[PDB]
Number of protein chains: 4
Amino acid sequence: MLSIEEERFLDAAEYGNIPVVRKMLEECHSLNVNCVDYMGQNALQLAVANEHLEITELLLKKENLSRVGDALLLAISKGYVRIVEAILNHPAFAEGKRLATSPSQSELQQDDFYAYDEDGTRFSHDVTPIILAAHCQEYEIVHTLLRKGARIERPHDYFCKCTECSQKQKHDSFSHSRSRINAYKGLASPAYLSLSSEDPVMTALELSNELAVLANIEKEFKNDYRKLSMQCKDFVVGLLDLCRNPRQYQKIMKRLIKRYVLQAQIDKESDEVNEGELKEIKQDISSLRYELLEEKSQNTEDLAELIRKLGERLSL
Amino acid sequence: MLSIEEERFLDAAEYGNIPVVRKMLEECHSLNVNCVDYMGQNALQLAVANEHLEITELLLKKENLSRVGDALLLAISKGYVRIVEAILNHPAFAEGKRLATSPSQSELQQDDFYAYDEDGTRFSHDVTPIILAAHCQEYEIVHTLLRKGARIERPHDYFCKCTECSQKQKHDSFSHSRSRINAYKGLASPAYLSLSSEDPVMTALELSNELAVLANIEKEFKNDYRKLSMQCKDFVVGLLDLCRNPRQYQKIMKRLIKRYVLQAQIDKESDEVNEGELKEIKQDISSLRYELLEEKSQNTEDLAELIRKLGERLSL
Amino acid sequence: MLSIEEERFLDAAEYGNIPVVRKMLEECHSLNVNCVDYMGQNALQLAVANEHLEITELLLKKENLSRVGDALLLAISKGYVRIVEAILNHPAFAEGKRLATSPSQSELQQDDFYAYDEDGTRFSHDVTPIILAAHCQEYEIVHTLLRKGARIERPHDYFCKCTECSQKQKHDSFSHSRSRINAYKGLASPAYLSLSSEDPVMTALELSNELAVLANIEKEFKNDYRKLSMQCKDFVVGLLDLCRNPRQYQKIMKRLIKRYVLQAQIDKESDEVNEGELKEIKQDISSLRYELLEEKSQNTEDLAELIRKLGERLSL
Amino acid sequence: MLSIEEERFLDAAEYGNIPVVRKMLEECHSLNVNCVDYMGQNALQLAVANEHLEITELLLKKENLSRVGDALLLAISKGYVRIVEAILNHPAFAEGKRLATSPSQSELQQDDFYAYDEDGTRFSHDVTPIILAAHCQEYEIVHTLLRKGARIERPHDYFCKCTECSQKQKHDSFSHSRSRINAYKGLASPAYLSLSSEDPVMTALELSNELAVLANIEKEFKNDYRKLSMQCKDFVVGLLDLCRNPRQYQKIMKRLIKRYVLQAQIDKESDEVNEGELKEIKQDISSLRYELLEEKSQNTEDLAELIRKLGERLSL
C-alpha cells in the first residue's frame, strides 16, 4: 500500500514539516511524486487545503509530476490568495491556458482521477470565484484576462448537440449563476447599472421556462439588492443624479466601485466563524513549531562545528 | 495527599512542560505513574484531553503503568486524530484486542475506577466514532478491522439472560444508533443504497415496540436525509440512473462516496465554534512557550560549555 | 499626571513586557507601586485582567504595596485558574482570612478606592465562583475551607439592625442566589438530592414575600433542572433506585458527581465565543513576542561577550 | 504598473515583513513612499488595517510622504488602541489640528484621492469613536481636548448657505447621532442625568420634522436604555436618592461612571466573533514568523563572524 517514505512525505505535506519536505525532496531517491491516499490527497492538494504556502512553492519547483487543476480549484474554493498567486506563476499559465475554445477532452490542469470535481466536467476556473464572491482573485484573473464564457441562448449549431448529449441545462443555469453575483459585475466593464438593468429582463425570459425557476428568481433578488445597495452609498446630489442616469461620470462610477467593494469586504468581515479558519490557524502554529525547532537544530549543528574547530585548535 | 513531584508532574502533563516531563521521566525516582487528582486525571488523560501529542508519545514509551481505554475514548470522544494513531500503535492492539467475543468482566484497556465511563459497562470502541461521525478514525478502524457488533434481534440463548439482567434494551437502541449514522454506512460495504433502504423497514419494526420510539423515528429521518443527499450530488444521467438502481456501477459508487465524504467534511467546517477548540489553541501556545524557552536554556548551556572551554584555553 | 517610568511600567503590565517588568522592578528606583490611570488600573489589575501569569508572580514577589482583593475578584470573575492559585499562595491567606466574622469596616484585601466593587460592600469571595459556576475554583476553596455564609432568616438580633440600615434584602436574595446554582450543591456535602429537595420549599416560603419573586422562581427552575439532570445520567437499575431514595450508596453518589461535573464541563465547552477569549489569545501572542525577542537579545549579548573574549585572545 | 521593489514593499507592509521593511527603508533608493495598488492601499493603510504596530512606527519615522487621516480613521474605525497612540504622537497633532474652525477645503490629514471617505466630506475624527462606542480612544481624545462640534439648530448665517449647498441635513442627523451614544455622555461633563434628560425633548423637537424620523426615535430609545441602565447598578439607598436627584454627589457620580464603563466593557466582551479578529490573530502569527526567522538568520550571521575570527586565529 504505502511505504515508510510515502507516509513521511504525506504527513509532512499535511502538517508543515517544511525542512523535512526539503530533506525528502532534495534527496534524489525514487520519491514518487503524486502518491494518493485512501481518498484523493496527491501530496500537493493537502498542502493547498491546509494553508502551506512554502510547501506549495517547493512542490511547484519540481515541475516533473503534478496535478495543478484541483490545486487551483482548492485554492479558489476557499479564501486563499497567496497560494493562488503561487499557482498562477507556472508555465501552464500566462496566456497558455484559456477557457473558451475547449472540447470535452481532458488534459493537463483539467482533473482526471480527481480528488473531486468541483461543479462539472466542463467547468471554467473563473466560475469558482464568482460563486464565492472573492474579489481579489477576480482582480488577478481579469487583470490577466477576463475569463467569461460569454454564454449564448440556443444557437443550435453545436449547442443543440450538447443539448442532445446530457443534462447541459443545469450547467446553463449554472453559467447564468456566474454572470449575476456581486463581484464580477462590480468589476466587469463600466456602466454597471446598464448591465445590472439588462440582466433581470433576460432572467425573466428564462423564467418563461419552467425547469430552474426559483434559482433565477433569486438571481433577480440579487440584482435588486445590487441596485438598492448602489442607491444607498451616495452622499452628494451629483452621485444620486448619475446613479439615476463623461469624465465626471467615470470618476463617480469609480468612487462607487471603491465604496461598494470596501463595504462588501467589511460585510464579509462581520459574520460568524467556520471551523476551517481555526484549522488554518492550527496549521500556522504547527508550521511555526517545525520551522523553529529544526532550524534551532541547525543552530546546534553550527555550534557543534565550532566546538569541533575549537577542539582541533586545543589539540594543536 | 499529593507530594511536590506529583503536582509538578501533573501540571506538566496538563500544560505542555515537555522537557520537564522528560527530566521527570528519565530520572529513575519513584515517579508514581497513575497518580489521580480530585477527579480521574491519571496524568495521561490530561495529556489526551488537552492536545499534548508528544507527552502521550513519552507516556506510551513507558509501558509499565497506564490506562489506555479511557485515553482512547477521550481521543475519539473529541476530534483528535494524531493521538488516536499514537494510541493504536501499542502492543495492546494490532489484532490483540477485539470486541465481539467478550464477557462482562473488565480487564486491561477496559476502564475501572475510571475517570468516566462513556456510554456503558459494555460499550465498544468503534461506537464513539459513529455517534460523532468522525470519518478518518473510521477509515483507520475499518482498515484495521471493521469493528461492528453485528447486532441480533432476540435469539434468546444468552441474549435473554442479559435481558433478565438489567436495562440492556437502552444499549439495544444504542446499538441501533450505531448502525445508522452517515459515516459508517458511507464507508461500510458497497451498494450503500441497498443497506440504507433495508434499514428503515427494520427500524419501523422496532417502532412496533413502544419504549424508545422517537429515537428510532429520528434514525428514519437520518436515513431519509442520506437518501436525499445521495440524490442531490449527481450531474450526468448515468449517475441518476444507477442511483435509481458492474465495473461502471462500482466506479460511480466510489465517485459518490468521494463526493459525499468531502461535502460532509465541508459541512463540518461551516458551523459555530465551541470553546474546546480555543482550549486546544491555548495549549498549543503554551507548548510552544515551554519548548522554545527551555531549549533556549539548552542553547545557553552549550554557550556556557564553550565559554568554559575558551577560558581553559586562555588560562593555558 | 504620569511620569515616563509610570507609563512604561503600566504598558509593560498591560502587554506582557515581562523582561522589561524585571528590569523595572529589580532596579531600586522610586518605582511607585500602585499607580492608577484614568480608571482603576493599579498595575496589577491589568496583569490579572489580561492573562499575565508571570507578571502577577513578579508582583506578588514584592509584598510591599498591593491590592489583592480586586485582583482575586478579577481572577475569579473571569475563568482564570492559574492566577487564582498564584494569588492564594500569599501570606494574607491560608487560614488568615475568613468570611463569617466580619464587620462593615474595610481593611486589606477588601477593596477601597477600588477599580470596581463586584456586587456589594459586604460580599464574600466565594460568591463570585458560584454565580459563574466555575468548578475547579470551588474545589480549591472548599479544599481550603468551605466558605459559605450559612444564611439566616430573621434572627432579629443584629440582622434587624442591618435591615434598618439599608437595602440589605437585595443581598439577602443574592445570598440565596449563592446557595442554589449547580456547582456548589454538586460539591457541598453528600446526599445532594436531600439538599436539592429541601431548597425549593424554602424558596417558595421566600415566594410568600413579594419583593424579589421571579428570581426565586428561576432558582426553583434551576433546582428542577438539577433534579432532571440527575435523573438523566443513569444506566443500571441500582442507579435509578438510589436516585429514587451505605457504602454502595456513597459510591453511586460519587459516580454521579463525576458524571455530572464532566458533562457540565462538556456543556461549557459547547457554546459560542466571547471576544475576551481572543483578548487572552492576543495577550499570549504578545507575551511570546516580547519574551522571545528580548531573550534573543540576551543571546546576542552573550555572543558579544564571547567576541570580546576572542578579541582579547587574538590581541594576545 | 508596479516595479519589483514596490510589490516587495507592499507585501511587506501587508504581512509583517518587519526586518524586510527595515532593509527596504534604511536603504537610500528611490523607495516611492505612497504607492497605491488597484484600490487605495498606500503602504501604510495596509499596516493599520492589519495590526502591524511596529511597521506603523517605522513609517511614522519617515515623515516625508504619508497620508495620516485615513490611517487614523482606519485605526479608530476598528478597535485599535496602540496604533491610535502611535498616530497621535505626530507633529500634525498636539494642539496643531482642531475640528471647529474649518472650511470645506481639504488639506493634510484630510483625505483626498482617499482609499475611502468614512462618512462625509466634512466629518470630524471624534465622530468615529462615538458611533463605535470605543471608550479608551475617547479618554485619549477628551484628555487631549474634547472635540465636539457643538451643533446648532438653524442660525441662518452660514448654516443657511450650507443648507442651500447640498444634503447637509443627513450630516445634521448624523451630528445628532454623535451626541447621544453611551460613551461620550458617559464621559463628557458631570451631571450626566441632566444632559441625558435634556436630550430627548430636543430629539422630539427634531421629530416635529418628518425627514429622518426613526433614527431619532432610536436615539430616544438609546437614551431610555441609558436611564434604565443607570437605575440598575445601584446598591445603597443614597445611590438611588442621588440618581433620583456636593462632594458626596460627585463621588457617587464617579462611582456610577466606573460601574457603567466596566459593565459596558464586560458587555462588549460577551458577543459573537467577527472574522476580522481572526485576521488580526493570523497577522500576529505571521509577524512572529518573520521576526523570529530573520533574527535567527542574524544569529547565524554572528556565528559566521565568530567562525571567520576563529579561522583567522587558527591560520595564525
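Residues numbered from 1 in each chain as written, not as in the entry; some residues may be left out. Chains lettered and ligands numbered in written order. Heavy atoms only, no water. Residues with missing side-chain atoms left out of burial classes, pairs and counts.

Engineer: Help me out: how do you make sense of the environment of B:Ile281 in this one?
Structural biologist: Here B:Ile281 shows up in helix 16 (residues 275-315). Ignoring any residue separated from it by four or fewer positions in sequence, one finds B:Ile281 in contact with A:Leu278, A:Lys282 and A:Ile285. (Helix = DSSP H or I, 4+ residues; strand = E, 2+ residues; numbered from the N terminus. Contact = heavy atoms within 4.5 Å.)

Engineer: Whenever I open this one, a negative patch on the surface confuses me. Can you help?
Structural biologist: There is a patch of like negative charges on the surface, built from A:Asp267, A:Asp271, A:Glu272, B:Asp267, B:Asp271, B:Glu272, C:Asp267, C:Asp271, C:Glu272, D:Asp267, D:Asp271 and D:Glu272. In this fold, D:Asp271 is placed in the loop between helix 15 (247-268) and helix 16 (275-315). (Patch = residues over 30% accessible without salt bridge, like charges linked within 9 Å, V, L, I, M, F, W, Y side chains within 5 Å. Areas by Shrake-Rupley, 256 points an atom, 1.4 Å probe, with all protein chains shown as cover. Salt bridge = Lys/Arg side-chain N within 4 Å of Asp/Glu carboxyl O. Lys, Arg positive; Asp, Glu negative; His and termini not counted. Charge placed at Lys NZ, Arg CZ, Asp CG, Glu CD.)

Engineer: Looking at this structure, I do not really get the packing of aromatic side chains. What am I missing?
Structural biologist: In this description, an aromatic ring pair is defined by two values, namely the gap between the centres and the angle between the planes. In total, this model carries eight aromatic pairs over all chains according to the counting rule given. We note A:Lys168 situated over the ring of A:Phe159; from NZ or CZ to the ring centre the distance is 3.7 Å. (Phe/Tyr/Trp six-rings, centres within 6.5 Å; stacked < 30°, edge-to-face > 60°. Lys NZ or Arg CZ within 6 Å of the ring centre and 35° of its normal.)

Engineer: Please clarify how the nonpolar core should be interpreted in this entry.
Structural biologist: What tends to happen in soluble globular proteins is that the nonpolar side chains get buried as a cluster. Residue and element names in this part refer to chain A. Counting 37 residues, the largest nonpolar core has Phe 9, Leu 25, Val 48, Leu 59, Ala 75, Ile 83 and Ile 87 as its most contacted members. Those elements that place two or more of their residues in this core are helix 1 (4-15), helix 2 (18-25), helix 3 (45-48), helix 4 (53-61), helix 5 (68-77) and helix 6 (82-88). Considering every element that reaches this core, the biggest residue donor is helix 5, with seven residues. Both domains that meet at this core, namely domain 1 (1-98 + 111-118) and domain 2 (121-269), each give it at least three residues. Look past the residues within four positions of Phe 9 in its chain and what remains in contact with it is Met 24, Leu 25, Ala 43 and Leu 59. (Core = buried A, V, L, I, M, F, W, Y, C linked by side-chain atoms within 4.5 Å. Buried < 20%, exposed > 50% of the residue type's maximum accessible area, 1.4 Å probe, protein only. Domains from an automatic or database assignment.)

Engineer: Just checking my understanding: could you explain the interface of chain D and chain C for this structure?
Structural biologist: Frequently, the measure chosen for interface size is the accessible area removed from exposure when the parts meet. Listed per partner, the contact involves 35 residues of chain D and 29 residues of chain C. Elements with a contribution of two residues or more to the side of chain D that touches chain C: helix 8 (135-144), helix 14 (237-244), helix 15 and helix 16 of chain D. A per-element tally of the side of chain D that touches chain C places helix 16 of chain D first, with 16 residues. Taken together, the residues of the side of chain D that touches chain C sort by class into 16 nonpolar, three polar and 16 charged. (Nonpolar A, V, L, I, M, F, W, Y, C, P; charged D, E, K, R; others polar.)

Engineer: Explain the pattern of salt bridges to me, please; I cannot follow it from the model alone.
Structural biologist: Should the charged atoms of two oppositely charged side chains come close, the side chains can pair. For the structure on display, the rule yields 36 salt bridges over all chains. A salt bridge links C:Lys78 to D:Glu269; the nearest nitrogen and oxygen atoms lie 3.8 Å apart. Residue C:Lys78 is located in the loop between helix 5 (68-77) and helix 6 (82-88), and its partner D:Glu269 is located in the loop between helix 15 and helix 16; the two belong to separate chains. When the shortest N-O distance is used, the salt bridge between C:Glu153 and C:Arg154 registers 3.8 Å.

Engineer: Whenever I open this one, the interface of chain A and chain D confuses me. Can you help?
Structural biologist: With 32 residues of chain A at the contact, the number on the chain D side is 26 residues. For the side of chain A that touches chain D, the secondary-structure elements that each account for two or more residues are helix 8 (135-144), helix 15 (247-268) and helix 16 (275-315) of chain A. For the side of chain A that touches chain D, the leading source of residues is helix 16 of chain A, giving 14 residues.

Engineer: Just to check I follow, could you spell out the relation of the copies chain D and chain C for this structure?
Structural biologist: The two chain copies are connected by a rotation around an axis plus a translation along it. Expressed as a screw transformation, the operator carrying chain D onto chain C has a rotation angle of 90 degrees and an axial translation of 0.0 Å, and the superposed copies differ by an RMSD of 0.0 Å. Seen this way, the second copy is the image of the first under a four-fold rotation axis. (Least-squares fit on C-alpha atoms.)

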